[PDB]
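Q: Can you keep this structure in mind? I'll have questions shortly.
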Amino acid sequence: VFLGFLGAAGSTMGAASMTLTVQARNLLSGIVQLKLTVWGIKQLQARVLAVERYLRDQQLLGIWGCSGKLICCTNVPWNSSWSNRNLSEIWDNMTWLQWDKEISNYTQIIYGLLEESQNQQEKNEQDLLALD
Amino acid sequence: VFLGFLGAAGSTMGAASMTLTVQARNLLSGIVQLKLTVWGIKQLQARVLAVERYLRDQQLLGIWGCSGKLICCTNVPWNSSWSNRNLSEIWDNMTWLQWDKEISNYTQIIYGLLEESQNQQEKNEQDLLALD
Amino acid sequence: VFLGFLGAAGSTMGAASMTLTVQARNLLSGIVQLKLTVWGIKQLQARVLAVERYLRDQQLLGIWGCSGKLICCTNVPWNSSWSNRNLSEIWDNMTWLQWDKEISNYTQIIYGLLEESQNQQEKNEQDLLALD
Amino acid sequence: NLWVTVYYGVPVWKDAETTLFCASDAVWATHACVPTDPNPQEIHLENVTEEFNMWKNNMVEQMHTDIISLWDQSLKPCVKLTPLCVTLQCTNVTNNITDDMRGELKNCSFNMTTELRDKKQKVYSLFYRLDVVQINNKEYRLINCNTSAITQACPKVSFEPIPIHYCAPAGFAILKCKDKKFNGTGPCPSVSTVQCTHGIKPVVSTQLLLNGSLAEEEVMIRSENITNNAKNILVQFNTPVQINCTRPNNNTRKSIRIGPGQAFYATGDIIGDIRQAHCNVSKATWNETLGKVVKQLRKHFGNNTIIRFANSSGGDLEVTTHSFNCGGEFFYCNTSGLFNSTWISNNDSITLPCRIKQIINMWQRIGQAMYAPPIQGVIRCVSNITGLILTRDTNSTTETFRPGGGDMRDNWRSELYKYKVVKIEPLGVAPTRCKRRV
Amino acid sequence: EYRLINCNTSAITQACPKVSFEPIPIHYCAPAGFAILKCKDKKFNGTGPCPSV
Ligand SMILES: *[C@@H]1O[C@H](CO)[C@@H](O[C@@H]2O[C@H](CO)[C@@H](O[C@@H]3O[C@H](CO[C@H]4O[C@H](CO)[C@@H](O)[C@H](O[C@H]5O[C@H](CO)[C@@H](O)[C@H](O)[C@@H]5O)[C@@H]4O)[C@@H](O)[C@H](O[C@H]4O[C@H](CO)[C@@H](O)[C@H](O)[C@@H]4O[C@H]4O[C@H](CO)[C@@H](O)[C@H](O)[C@@H]4O)[C@@H]3O)[C@H](O)[C@H]2NC(C)=O)[C@H](O)[C@H]1NC(C)=O
Ligand SMILES: *[C@@H]1O[C@H](CO)[C@@H](O[C@@H]2O[C@H](CO)[C@@H](O[C@@H]3O[C@H](CO)[C@@H](O)[C@H](O)[C@@H]3O)[C@H](O)[C@H]2NC(C)=O)[C@H](O)[C@H]1NC(C)=O
Ligand SMILES: *[C@@H]1O[C@H](CO)[C@@H](O[C@@H]2O[C@H](CO)[C@@H](O[C@@H]3O[C@H](CO)[C@@H](O)[C@H](O)[C@@H]3O)[C@H](O)[C@H]2NC(C)=O)[C@H](O)[C@H]1NC(C)=O
Ligand SMILES: *[C@@H]1O[C@H](CO)[C@@H](O[C@@H]2O[C@H](CO)[C@@H](O[C@@H]3O[C@H](CO)[C@@H](O)[C@H](O)[C@@H]3O)[C@H](O)[C@H]2NC(C)=O)[C@H](O)[C@H]1NC(C)=O
Ligand SMILES: *[C@@H]1O[C@H](CO)[C@@H](O[C@@H]2O[C@H](CO)[C@@H](O[C@@H]3O[C@H](CO)[C@@H](O)[C@H](O)[C@@H]3O)[C@H](O)[C@H]2NC(C)=O)[C@H](O)[C@H]1NC(C)=O
Ligand SMILES: *[C@@H]1O[C@H](CO)[C@@H](O[C@@H]2O[C@H](CO)[C@@H](O[C@@H]3O[C@H](CO)[C@@H](O)[C@H](O)[C@@H]3O)[C@H](O)[C@H]2NC(C)=O)[C@H](O)[C@H]1NC(C)=O
Ligand SMILES: *[C@@H]1O[C@H](CO)[C@@H](O[C@@H]2O[C@H](CO)[C@@H](O[C@@H]3O[C@H](CO)[C@@H](O)[C@H](O)[C@@H]3O)[C@H](O)[C@H]2NC(C)=O)[C@H](O)[C@H]1NC(C)=O
Ligand SMILES: *[C@@H]1O[C@H](CO)[C@@H](O[C@@H]2O[C@H](CO)[C@@H](O)[C@H](O)[C@H]2NC(C)=O)[C@H](O)[C@H]1NC(C)=O
Ligand SMILES: *[C@@H]1O[C@H](CO)[C@@H](O[C@@H]2O[C@H](CO)[C@@H](O)[C@H](O)[C@H]2NC(C)=O)[C@H](O)[C@H]1NC(C)=O
Ligand SMILES: *[C@@H]1O[C@H](CO)[C@@H](O[C@@H]2O[C@H](CO)[C@@H](O)[C@H](O)[C@H]2NC(C)=O)[C@H](O)[C@H]1NC(C)=O
Ligand SMILES: *[C@@H]1O[C@H](CO)[C@@H](O[C@@H]2O[C@H](CO)[C@@H](O)[C@H](O)[C@H]2NC(C)=O)[C@H](O)[C@H]1NC(C)=O
Ligand SMILES: *[C@@H]1O[C@H](CO)[C@@H](O[C@@H]2O[C@H](CO)[C@@H](O)[C@H](O)[C@H]2NC(C)=O)[C@H](O)[C@H]1NC(C)=O
Ligand SMILES: *[C@@H]1O[C@H](CO)[C@@H](O[C@@H]2O[C@H](CO)[C@@H](O)[C@H](O)[C@H]2NC(C)=O)[C@H](O)[C@H]1NC(C)=O
Ligand SMILES: *[C@@H]1O[C@H](CO)[C@@H](O[C@@H]2O[C@H](CO)[C@@H](O)[C@H](O)[C@H]2NC(C)=O)[C@H](O)[C@H]1NC(C)=O
Ligand SMILES: *[C@@H]1O[C@H](CO)[C@@H](O[C@@H]2O[C@H](CO)[C@@H](O)[C@H](O)[C@H]2NC(C)=O)[C@H](O)[C@H]1NC(C)=O
Ligand SMILES: *[C@@H]1O[C@H](CO)[C@@H](O[C@@H]2O[C@H](CO)[C@@H](O)[C@H](O)[C@H]2NC(C)=O)[C@H](O)[C@H]1NC(C)=O
Ligand SMILES: *[C@@H]1O[C@H](CO)[C@@H](O[C@@H]2O[C@H](CO)[C@@H](O)[C@H](O)[C@H]2NC(C)=O)[C@H](O)[C@H]1NC(C)=O
Ligand SMILES: *[C@@H]1O[C@H](CO)[C@@H](O)[C@H](O)[C@H]1NC(C)=O
Ligand SMILES: *[C@@H]1O[C@H](CO)[C@@H](O)[C@H](O)[C@H]1NC(C)=O
Ligand SMILES: *[C@@H]1O[C@H](CO)[C@@H](O)[C@H](O)[C@H]1NC(C)=O
C-alpha cells in the first residue's frame with residue numbers, strides 16, 4: 001500500500017523497511033525546474049547542496065560493496081557493546097528514530113569496519129580464486 | 001563499426017541496440033572546459049542542468065536493480081494492452097522514435113511495476129535464503 | 001595500518017593497492033561547508049568542478065562492467081607492445097607514477113577495447129543464455 | 001549471532017539549517033520565483049512526535065534578510081532624489097477657516113534644477129510637516145538630508161503583499177504540527193509534513209498584525225518567557241477583527257521633470273473632503289475579543305489579578321504609533337483609542353486619528369531612506385487584524401500591558417512557528433541475523 | 001539655441017574609444033543531454049518534415 005513520503009516514519013524498523021523506496025526517490029527528488037536577484041543564487045546553492053548531500057553518502061555505499069542498496073548484508077559481526085538488545089526488542093519494538101538515539105554513539109566506529117574489513121578481504125581472495 | 005553520436009538513430013531498435021554506448025558517453029559528455037558577464041552564469045546553469053538531467057534517470061536504474069545498464073531484464077511480465085505487436089513487428093520493423101510514439105502512453109504506468117514488484121520481492125526472499 | 005591520504009604513493013604498485021580506499025574517499029571528499037564577493041563564485045565553481053571531475057571517470061567504470069571498483073578484471077588480453085615487462089619487473093619493482101610514465105602512451109588505445117569488446121560481447125550472449 | 005547490516009532510505013532526521021527558496025503562483029518583488037505545484041502534498045505522520053521551538057527557528061532570520069534584500073534591489077534601478085536637498089520656502093495652507101486640519105502641509109517653493117542643467121525653475125509642492133523641518137515665509141529642509149540620501153520608489157512597482165511559499169531542497173523536510181495547542185515550544189502529539197509552506201504575505205506592520213492566519217480553539221498566548229517583562233507577548237486571534245482605514249483626499253500629482261531624463265512626482269493640489277485620515281473599528285467586536293484575550297491572561301497570572309491596557313511609552317513615532325502600508329501610502333495611527341481599558345479581578349465604533357508620511361525608514365535601518373510617491377485620488381482600504389504585539393509593564397495584583405514592535409522578525413515568526421526544517425540521513429545500520437556468502 | 005535630442009528622453013553614454021562593434025562569428029552549443037539538429041535539405045518552406053536531417 002502506498003503510504004506517501006515518510007509514511008512509515010511512525011512505525012517499527014521492521015515495518016518501515018517495507019517502503020524504503022517511497023522515501024528514497026525524494027532524497028534527491030529532482031525536477032524543481034535583471035540578473036542575480038534574491039533566490040537567483042539561492043535556488044542555485046540549494047539545488048547544488050542537494051546533489052552533494054546525496055552523493056556524499058551514496059559513495060560510501062559504493063565503497064561498502066553493495067550498490068544494490070536500501071538493504072544488504074556484510075561479513076562484519078555485531079559487537080555486543082553496541083546496545084545489547086534482542087531482535088524482538090529492536091526490530092519489533094522500536095522506530096528508526098529511537099534506534100539512532102542509541103546507536104548514533106558508535107557511528108564512526110562501526111563505519112570503520114564497514115569502510116574496511118570485508119572490502120579489504122573479500123578481494124585478494126578472489127584474485128587468488130582466479131589463479132585457476 | 002563506429003558510426004558516431006546517434007549514428008544508429010535511423011535504424012530498427014534491434015539494430016540500434018548494437019551501439020548504445022556510443023550514445024551513452026555523450027549523454028553527460030563532460031570536458032567542456034569584469035565578473036558575471038553574459039554566459040557567466042549560463043555555462044554555469046547549463047553544465048549543472050546536464051548533471052542533474054543525467055542522474056535523475058540514472059538513479060531510477062539504480063533503484064531498478066540493474067546498474068549494469070544499457071540493457072537488463074526484469075521479472076515483470078508485459079501487459080498485452082501496451083501495444084500488442086509481435087517481436088518481428090516491433091524489433092525488426094520499428095525505430096526507437098516510432099516505438100515511443102505509442103508506448104509513451106503507458107510510461108508512468110510501466111514505471112510503477114519497475115519501481116516496485118521485483119525490487120520489493122527479489123529481497124526478503126534472499127534474506128530468507130540467508131537463513132541457513 | 002592506516003597511512004593517510006596518498007600514504008602509499010611512494011611504494012610499489014602491488015603495495016599501493018593495499019590502501020586504495022584511503023585515497024578514494026578524498027577524491028570527492030565532500031564536506032567543505034554584500035553578495036557575490038571574491039570567493040563567492042570561486043568556491044562555487046571549484047566545488048562543481050570536483051563533482052564533474054569525479055563522475056566523468058566514474059561513468060567510464062560504469063560502462064566498463066565493474067562498478068564494484070578500485071579493482072576488477074576484464075576479458076581483454078594485454079597486447080605485448082604496451083611495455084613488455086614481467087610481473088616482478090612491473091608490480092614488485094615499480095610505482096604507479098613510473099607506470100604511467102610509460103603506459104600513458106597507449107591510454108586511449110586501451111580504453112577503446114575497455115569501452116567495448118567485453119561490454120558488447122558479454123551481452124547478447126546472456127540474452128541467448130536466457131533462451132531457456 | 002548478529003551481524004552488521006546496512007540500510008538506506010531510513011526515515012530519520014536531525015534539526016539543521018539550510019538555504020530555503022521561494023515559490024508563488026505565476027507588483028512587489030516576486031517574479032523570479034518557481035511556480036507552486038497545483039497539488040501541494042502533505043501527510044499526516046501517526047506515532048510521530050517531537051519538539052518544536054519557534055524562538056530558535058532560523059527560518060525567520062533568512063526570510064527577514066531576504067525581504068530586505070528584495071527591497072533594496074527594487075529601488076536601485078529607480079530614480080534618486082539627490083537634488084531635492086535644497087532650502088525650501090514654505091507657508092501655511094489656509095484650510096477651511098478657522099482650523100480643524102491644523103494645516104499639516106506647507107505650500108513650499110524652491111529654485112529647482114531641471115533637465116536644462118543651467119537655467120533653473122521656481123517650482124512648488126505640498127509636503128507634510130512630518131517630512132520637513134525648519135532650518136535655524138520660513139526656511140525648511142527635507143528631514144532625510146541630515147542622515148542620508150533618498151530614492152524615489154518607482155511609480156510602476158507596488159507594495160502589495162503577495163503570498164509566498166517556502167521550500168527546502170532535497171534531503172531536507174518541511175515539518176508541520178497540526179496541534180491546535182502550542183506553548184511556543186515542546187512536543188507535538190500530532191505532527192505532519194508538507195512539500196512546502198502555505199502562502200505567507202510579507203505584511204510589514206507594528207503593534208497590530210494584519211492579514212495573518214487565524215488560531216483554532218481559544219486565543220493563543222506565546223512568549224519566550226512570560227514571567228520576564230524584558231520579553232514580549234504574541235497574541236493570535238480566533239476571529240478576524242475588521243479595520244477600515246481611509247484617506248479622503250482626491251489629490252493630484254503635479255509631476256515635475258527634474259531630469260535630465262528622470263522624472264519626479266511632486267504633490268499637486270489637495271481637493272475634496274478635507275478631513276484627517278483615520279481608521280474605523282467595530283467597538284463591540286474589539287471589546288469582545290479583548291475580553292477573550294484577558295481570559296488567557298488570567299490563565300497565566302491568576303484568578304485574582306487586575307489587567308490594564310494602555311498606549312506605548314512614547315518616543316520614536318515609528319514605535320509609538322501603529323505603522324502600516326496601504327496602496328503605497330504609509331499610515332501612522334494613534335492606537336490610544338484601542339489600547340485603553342481595564343478588567344477587574346475575576347454602532348458602536350472607534351475612530352483612530354492617523355498621519356501620513358512620505359519619507360520613511362525600513363526595518364529600523366539607518367543610512368538610507370525611501371520616498372513614497374503621492375498616490376493620486378482617494379485612498380481607502382480594509383484588512384483583518386489577526387493578532388497583537390504586546391509588552392509587559394508593587395507587583396501583587398494589577399498589571400499593565402502595551403503595544404510594541406520594532407523588530408519585524410517578530411512578524412515573520414508569528415507565522416513560521418508552525419514550521420521547522422530537518423535534515424534527512426538516509427544511511428543507517430542495524431544488527432541482523434545474516435552472514436553474507438561469495 | 002539648440003539641444004541634444006536625447007536629453008528629452010533619457011541620459012546618454014559615450015561608447016569607449018577602445019571597444020569596437022565589428023560583428024564576430026559566434027557558435028552556439030547545447031549542454032549534455034541536448035542535441036543540435038541540422039537539416040541539410042536545400043529546400044525548406046520555413047516549416048515541415050526534412051528528408052535529409
Ligand atoms: C488585507 O487583505 C485584503 C484582501 O486581499 C486586501 O484588500 C485588497 O486591497 C487591494 C489593494 O492593496 C485592493 O486592490 C484594488 O482592487 C481594485 C478593484 O479592482 C477590481 O474591480 C475593478 C473595477 O471594476 C476591476 O476593473 C478589476 O478587474 C481587473 O483587475 C483584475 C486584477 O488585476 C483582473 O484580473 C481583471 O481582469 C481586471 O483587469 C477588479 O476586479 C482595483 O481597482 C485597484 O487598482 C487600482 O489601484 C491600484 C493601487 O492600489 C493601482 O495600481 C491601479 O492602477 C488601480 O488604479 C486605477 O483604478 C482606480 C479606480 O478608481 C483609479 O482611481 C486609478 O486612477 C487607476 O485608473 C486595486 O488593485 C483590493 O480591492 C482589496 N481586496 C478586497 C478583498 O477588498 C488588503 O489590502 C489587505 N490589507 C492590507 C493591510 O494590505
Ligand atoms: C502507530 O502506533 C500504533 C500504536 O500506538 C500502532 O498500532 C497498531 O496498529 C495495528 C493496526 O491497527 C494493530 O495491528 C493489528 O492488531 C491485531 C491484534 O494484535 C491483529 O489481529 C492484526 O493482524 C493487526 O496486527 C496493532 O495491534 C496496533 N498496536 C497496538 C499497540 O494497538 C500502529 O501500528 C502504529 N503505526 C506505525 C506506522 O507504526
Ligand atoms: C535506412 O533505411 C534503409 C531502408 O530505407 C535501410 O536499408 C537496408 O540497408 C541494408 C544495407 O544496404 C540492406 O541490407 C542488406 O540486404 C541484403 C538483401 O536483403 C542482404 O543480402 C544483406 O545481408 C543486407 O542485410 C537492407 O536490405 C536495406 N533495406 C531495404 C528496405 O532495402 C537501412 O538499413 C537503414 N539504416 C538504418 C540505420 O536503419
Ligand atoms: C621507500 O623505499 C624504500 C627503499 O628506498 C623501501 O624500503 C624497503 O622498506 C622495507 C621496510 O623497512 C624493507 O622490507 C623489509 O625487508 C626485510 C629484508 O628484505 C624483510 O625481512 C622484511 O620482511 C621487510 O620486507 C625493504 O627491504 C626495504 N627495501 C630496501 C631496498 O631496503 C620502502 O618500502 C619504500 N616505501 C614505499 C611506501 O614504497
Ligand atoms: C531662487 O529663489 C530665491 C528665493 O528663494 C531667489 O533669491 C533672490 O536672489 C537674489 C540673488 O541672490 C536676491 O537679489 C538681490 O537682493 C538684494 C537685496 O534685495 C539686492 O540688493 C540685489 O540687487 C539683488 O536683487 C533676492 O533678494 C533673493 N530673494 C530673497 C527672497 O532672498 C532667487 O532669485 C531665485 N531664483 C530664480 C531663478 O528665480
Ligand atoms: C502655492 O504656491 C504656488 C507657487 O509656488 C502658488 O501658485 C499660484 O497658483 C495660482 C493658482 O494656480 C496662480 O494664479 C493664477 O495665475 C494666472 C496667471 O498669473 C492668473 O491668470 C489666474 O487668475 C491666477 O492668479 C499663480 O500664478 C501661481 N503662482 C505661480 C508662481 O505660479 C499658489 O497660490 C500657492 N498656494 C498658497 C495657498 O499660497
Ligand atoms: C525568565 O526570565 C526572567 C528574567 O529575564 C528570569 O528571572 C530571573 O530569575 C532568577 C530566579 O528567580 C533571578 O535570579 C536571582 O536574582 C537575585 C537578585 O538579582 C539574586 O540574588 C539571586 O542569586 C538570583 O540570581 C533573576 O534576578 C530574575 N531576573 C529578573 C529580570 O528578575 C527567569 O529565570 C527566566 N526563565 C527562564 C526559564 O530562563
Ligand atoms: C567491542 O567494542 C568494544 C569497544 O566499543 C571493545 O571494548 C574493549 O573491550 C576490552 C574487554 O573488555 C577492553 O580491554 C578494552 O579496553 C575495551 N575498549 C574500550 C574502548 O573500552 C571490545 O573489544 C569489542 N569487541 C570486539 C570483538 O572487537
Ligand atoms: C493490463 O493493464 C490494463 C490497463 O492498462 C488492465 O486493464 C483492466 O482490464 C480489466 C479487464 O478488461 C478491466 O476490468 C479493467 O477495468 C481494466 N483497467 C482499465 C484501466 O481499463 C489489465 O488488467 C492489465 N493486466 C494485467 C495482467 O494486470
Ligand atoms: C598490438 O597492438 C599493436 C599496435 O599498438 C599492433 O601493431 C600492429 O602489428 C602488426 C604486426 O607487427 C603490424 O602489421 C601493424 O602495422 C601494427 N600496427 C601499428 C599501429 O604499428 C598489433 O597488431 C597488436 N596486437 C593485437 C593482438 O591486436
Ligand atoms: C502658521 O500658522 C501657525 C498656526 O497654524 C502659526 O503658529 C504659531 O507659530 C508661532 C511660532 O512657532 C507660535 O508662536 C504660535 O504660538 C503658533 N500658533 C499656534 C496656534 O500654535 C504660525 O505663526 C503661522 N505662520 C504664519 C506666517 O502666519
Ligand atoms: C539630524 O537631524 C535630526 C532632525 O532631522 C536631528 O534630530 C534631533 O536630534 C536631537 C538629539 O537626538 C533631538 O533633541 C531632536 O528632537 C531631534 N529632532 C527630531 C526632528 O527628532 C539631529 O540632531 C540631526 N543631526 C545633525 C548632526 O545635526
Ligand atoms: C512550554 O511548556 C513547557 C511545558 O510543556 C513549560 O515548561 C516549564 O518551564 C519552566 C521553566 O523551565 C519549568 O519551571 C517547568 O517545570 C516546565 N514544565 C515542565 C512540564 O517541564 C514552559 O513554561 C512553556 N512555555 C510557555 C511560554 O508557556
Ligand atoms: C478576514 O478573515 C476572514 C476569516 O475569519 C476571511 O473570511 C473568508 O471570507 C470569505 C468572504 O466571506 C469567504 O469566502 C471565506 O470562506 C471566509 N473564510 C472563512 C475561514 O470563513 C476574510 O477573507 C478575511 N479578510 C481578509 C481581507 O483577508
Ligand atoms: C481559575 O478558576 C477557574 C474557575 O473559576 C478554574 O477553572 C477550571 O479550569 C480548568 C481548566 O480549564 C478546568 O479543568 C476546570 O473544569 C475549570 N473549572 C470550572 C469551574 O470550570 C481554574 O482552574 C482556576 N485557576 C486556578 C489557578 O486555580
Ligand atoms: C480612556 O478611555 C476612557 C473610556 O474607556 C475615556 O474615559 C473618558 O474619560 C473622561 C475623563 O475621565 C470622561 O470625561 C469621559 O466621560 C470618559 N468616558 C467614558 C466612556 O466614561 C478616556 O477619555 C480615555 N483616554 C484616552 C486618552 O482616550
Ligand atoms: C521629446 O522631444 C522630442 C523631440 O526630440 C519630441 O518629439 C516630437 O513629438 C511630437 C509628438 O510625437 C512630434 O509632433 C514631433 O515631430 C516630434 N519631434 C521630432 C524631432 O520627432 C517630444 O515631443 C518631446 N517630449 C517632450 C515632453 O517635450
Ligand atoms: C533477550 O530477550 C530474552 C527473551 O527473548 C530475554 O530473556 C532477555 O532478558 C533479553 N535480553 C535482555 C538484555 O534482557
Ligand atoms: C503476430 O504475427 C503473426 C505472424 O508472425 C501474425 O499471424 C499475427 O497477425 C500478428 N499479430 C497481429 C496483432 O496481427
Ligand atoms: C622477464 O623476466 C625473466 C625473468 O623472470 C627474464 O629472464 C626476461 O629477461 C624478462 N623480460 C625481459 C624483457 O627481459
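Labels for the C-alpha cells follow display order: chains A, B, ..., residues from 1 in each chain, ligands from 1.
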Once you count only C-alpha atoms and all ligand atoms, which residues end up within 12 Å of ligand 8, and could you hand them over as a compact mmCIF listing (two decimals) with N, CA, C and O atoms, in the first residue's frame?
A:
# COMPACT_ATOMS: atom_id res chain seq x y z
N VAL A 76 30.73 -8.42 8.62
CA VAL A 76 31.17 -7.85 9.90
C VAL A 76 30.20 -8.21 11.02
O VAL A 76 29.02 -7.85 10.96
N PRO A 77 30.69 -8.92 12.05
CA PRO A 77 29.86 -9.31 13.18
C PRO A 77 29.53 -8.13 14.09
O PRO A 77 30.34 -7.21 14.23
N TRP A 78 28.35 -8.16 14.70
CA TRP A 78 27.91 -7.07 15.57
C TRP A 78 28.51 -7.19 16.96
O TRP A 78 28.34 -8.21 17.63
N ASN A 79 29.21 -6.15 17.40
CA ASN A 79 29.78 -6.11 18.74
C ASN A 79 28.70 -5.83 19.78
O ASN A 79 27.93 -4.88 19.65
N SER A 80 28.65 -6.67 20.81
CA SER A 80 27.56 -6.64 21.78
C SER A 80 27.51 -5.35 22.58
O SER A 80 26.47 -4.99 23.14
N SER A 81 28.63 -4.64 22.64
CA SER A 81 28.71 -3.37 23.35
C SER A 81 27.86 -2.29 22.69
O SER A 81 27.54 -1.27 23.30
N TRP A 82 27.51 -2.51 21.43
CA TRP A 82 26.71 -1.55 20.67
C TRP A 82 25.22 -1.75 20.92
O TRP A 82 24.49 -2.20 20.03
N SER A 83 24.78 -1.42 22.13
CA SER A 83 23.39 -1.59 22.54
C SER A 83 22.95 -3.05 22.47
O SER A 83 22.44 -3.50 21.44
N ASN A 84 23.15 -3.79 23.56
CA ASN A 84 22.82 -5.20 23.60
C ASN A 84 21.33 -5.47 23.85
O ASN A 84 20.88 -5.58 24.98
N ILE A 103 22.33 4.15 18.93
CA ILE A 103 23.43 3.61 18.14
C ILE A 103 24.31 4.72 17.57
O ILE A 103 25.47 4.49 17.22
N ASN A 105 25.91 6.81 18.91
CA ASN A 105 27.15 6.88 19.68
C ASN A 105 28.33 6.16 19.06
O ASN A 105 29.48 6.52 19.30
N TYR A 106 28.06 5.13 18.27
CA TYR A 106 29.13 4.33 17.69
C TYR A 106 29.20 4.45 16.16
O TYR A 106 29.78 3.59 15.50
N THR A 107 28.63 5.52 15.63
CA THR A 107 28.50 5.67 14.18
C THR A 107 29.84 5.49 13.47
O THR A 107 29.99 4.60 12.62
N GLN A 108 30.80 6.36 13.78
CA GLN A 108 32.08 6.36 13.08
C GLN A 108 32.83 5.06 13.35
O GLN A 108 33.52 4.55 12.47
N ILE A 109 32.67 4.55 14.56
CA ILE A 109 33.28 3.30 14.99
C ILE A 109 32.85 2.12 14.12
O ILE A 109 33.68 1.33 13.67
N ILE A 110 31.55 2.00 13.90
CA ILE A 110 31.03 0.96 13.02
C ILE A 110 31.45 1.18 11.57
O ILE A 110 31.82 0.24 10.87
N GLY A 112 34.12 2.39 10.49
CA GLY A 112 35.47 1.88 10.36
C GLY A 112 35.53 0.51 9.72
O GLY A 112 36.21 0.31 8.71
N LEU A 113 34.81 -0.45 10.30
CA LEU A 113 34.82 -1.82 9.81
C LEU A 113 34.06 -1.97 8.49
O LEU A 113 34.43 -2.78 7.64
N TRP D 3 24.90 -9.67 12.95
CA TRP D 3 25.91 -9.08 12.09
C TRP D 3 25.52 -7.65 11.73
O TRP D 3 24.37 -7.26 11.90
Q: May I have the residues within 8 Å of ligand 4, computed using only C-alpha atoms and all ligand atoms, as a list in words?
A: residues 7, 8, 9, 10, 11, 12, 15, 16 and 95 of chain C
Q: Next, the residues of the selection above should be written as a short mmCIF file (atom, residue, chain, number, x, y, z; two decimals), in the first residue's frame with C-alpha atoms.
A:
data_model
loop_
_atom_site.label_atom_id
_atom_site.label_comp_id
_atom_site.auth_asym_id
_atom_site.auth_seq_id
_atom_site.Cartn_x
_atom_site.Cartn_y
_atom_site.Cartn_z
CA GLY C 7 50.31 7.44 2.21
CA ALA C 8 51.34 4.62 -0.11
CA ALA C 9 52.18 6.90 -3.03
CA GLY C 10 55.86 6.16 -2.52
CA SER C 11 55.64 2.39 -2.87
CA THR C 12 55.34 -0.36 -5.48
CA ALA C 15 51.99 -2.47 -2.17
CA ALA C 16 49.96 0.64 -3.00
CA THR C 95 55.49 2.77 -8.60
#
Q: Using only C-alpha atoms and all ligand atoms, what are the residues with an atom within 12 Å of ligand 11, set out as a PyMOL selection string?
A: chain D and resi 89-95+97-107+129+134+137-139
Q: Using only C-alpha atoms, find each residue in chain C having at least one atom no more than 10 Å away from chain B; report its shortest atom-to-atom pair and that distance in Å (one decimal), rows by chain then rising number, as a Markdown table.
A:
| residue | atom | partner | partner_atom | distance |
| --- | --- | --- | --- | --- |
| C:36 | CA | B:36 | CA | 9.2 |
| C:38 | CA | B:35 | CA | 9.9 |
| C:41 | CA | B:36 | CA | 9.2 |
| C:44 | CA | B:44 | CA | 9.8 |
| C:45 | CA | B:44 | CA | 8.2 |
| C:48 | CA | B:48 | CA | 8.1 |
| C:49 | CA | B:33 | CA | 9.6 |
| C:51 | CA | B:51 | CA | 9.1 |
| C:52 | CA | B:30 | CA | 7.1 |
| C:53 | CA | B:30 | CA | 8.3 |
| C:55 | CA | B:30 | CA | 8.7 |
| C:56 | CA | B:30 | CA | 5.9 |
| C:57 | CA | B:30 | CA | 9.3 |
| C:59 | CA | B:25 | CA | 8.3 |
| C:60 | CA | B:25 | CA | 8.2 |
| C:62 | CA | B:68 | CA | 7.0 |
| C:63 | CA | B:68 | CA | 7.6 |
| C:64 | CA | B:68 | CA | 9.0 |
| C:65 | CA | B:68 | CA | 6.4 |
| C:66 | CA | B:68 | CA | 8.0 |
| C:67 | CA | B:68 | CA | 7.9 |
| C:115 | CA | B:21 | CA | 8.1 |
| C:116 | CA | B:21 | CA | 8.3 |
| C:119 | CA | B:21 | CA | 9.0 |
| C:120 | CA | B:18 | CA | 7.7 |
| C:123 | CA | B:71 | CA | 8.4 |
| C:124 | CA | B:18 | CA | 9.5 |
| C:126 | CA | B:72 | CA | 9.9 |
| C:127 | CA | B:73 | CA | 8.8 |
| C:130 | CA | B:73 | CA | 9.6 |
Q: Go ahead and save the picked residues with C-alpha atoms, as a compact mmCIF listing (two decimals), in the first residue's frame.
A:
# COMPACT_ATOMS: atom_id res chain seq x y z
CA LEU C 36 28.93 37.81 -4.96
CA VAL C 38 35.59 37.19 -4.24
CA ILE C 41 31.63 32.12 -7.19
CA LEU C 44 31.05 27.64 -6.21
CA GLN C 45 32.96 26.86 -9.40
CA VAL C 48 31.18 21.99 -9.03
CA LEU C 49 34.35 21.06 -10.92
CA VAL C 51 31.74 16.75 -8.83
CA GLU C 52 32.19 16.73 -12.61
CA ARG C 53 35.81 15.71 -12.30
CA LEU C 55 31.74 11.44 -12.29
CA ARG C 56 33.36 11.91 -15.69
CA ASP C 57 35.61 8.92 -14.95
CA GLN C 59 30.81 6.73 -15.56
CA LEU C 60 33.55 5.04 -17.53
CA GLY C 62 30.03 2.18 -15.00
CA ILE C 63 30.36 1.42 -18.71
CA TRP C 64 33.29 -0.93 -18.13
CA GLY C 65 31.15 -3.56 -16.50
CA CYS C 66 32.58 -3.43 -13.00
CA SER C 67 31.08 -0.73 -10.74
CA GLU C 115 34.92 0.82 -23.60
CA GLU C 116 33.96 -2.03 -25.90
CA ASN C 119 30.71 -4.81 -22.87
CA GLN C 120 29.50 -5.72 -26.37
CA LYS C 123 25.79 -9.25 -23.53
CA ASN C 124 23.64 -10.78 -26.37
CA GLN C 126 23.43 -13.77 -21.90
CA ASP C 127 20.32 -12.80 -23.78
CA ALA C 130 18.14 -16.72 -21.27
Q: Ligand 1: which residues are within 6 Å, counting only C-alpha atoms and all ligand atoms? Reply as an mmCIF file with N, CA and C atoms, in the first residue's frame.
A:
data_model
loop_
_atom_site.group_PDB
_atom_site.id
_atom_site.type_symbol
_atom_site.label_atom_id
_atom_site.label_comp_id
_atom_site.auth_asym_id
_atom_site.auth_seq_id
_atom_site.Cartn_x
_atom_site.Cartn_y
_atom_site.Cartn_z
ATOM 1 N N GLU D 160 1.983 45.814 -2.599
ATOM 2 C CA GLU D 160 1.000 44.801 -2.219
ATOM 3 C C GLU D 160 1.689 43.510 -1.797
ATOM 4 N N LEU D 210 -1.597 42.288 10.714
ATOM 5 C CA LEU D 210 -2.640 42.375 9.693
ATOM 6 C C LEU D 210 -2.589 41.234 8.679
ATOM 7 N N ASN D 211 -3.774 40.771 8.279
ATOM 8 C CA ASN D 211 -3.928 39.750 7.244
ATOM 9 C C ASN D 211 -3.082 38.500 7.474
ATOM 10 N N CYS D 326 -0.719 51.012 3.020
ATOM 11 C CA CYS D 326 -1.914 50.762 2.224
ATOM 12 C C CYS D 326 -1.812 51.432 0.858
ATOM 13 N N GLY D 327 -1.584 50.628 -0.173
ATOM 14 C CA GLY D 327 -1.572 51.119 -1.540
ATOM 15 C C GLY D 327 -0.351 51.955 -1.870
ATOM 16 N N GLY D 377 -5.644 60.411 -6.142
ATOM 17 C CA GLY D 377 -7.011 60.044 -5.820
ATOM 18 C C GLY D 377 -7.231 59.627 -4.383
ATOM 19 N N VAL D 382 -9.343 48.063 3.564
ATOM 20 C CA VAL D 382 -9.832 47.329 4.723
ATOM 21 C C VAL D 382 -9.017 46.054 4.901
ATOM 22 N N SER D 383 -8.764 45.681 6.152
ATOM 23 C CA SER D 383 -7.979 44.487 6.433
ATOM 24 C C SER D 383 -8.411 43.780 7.713
#
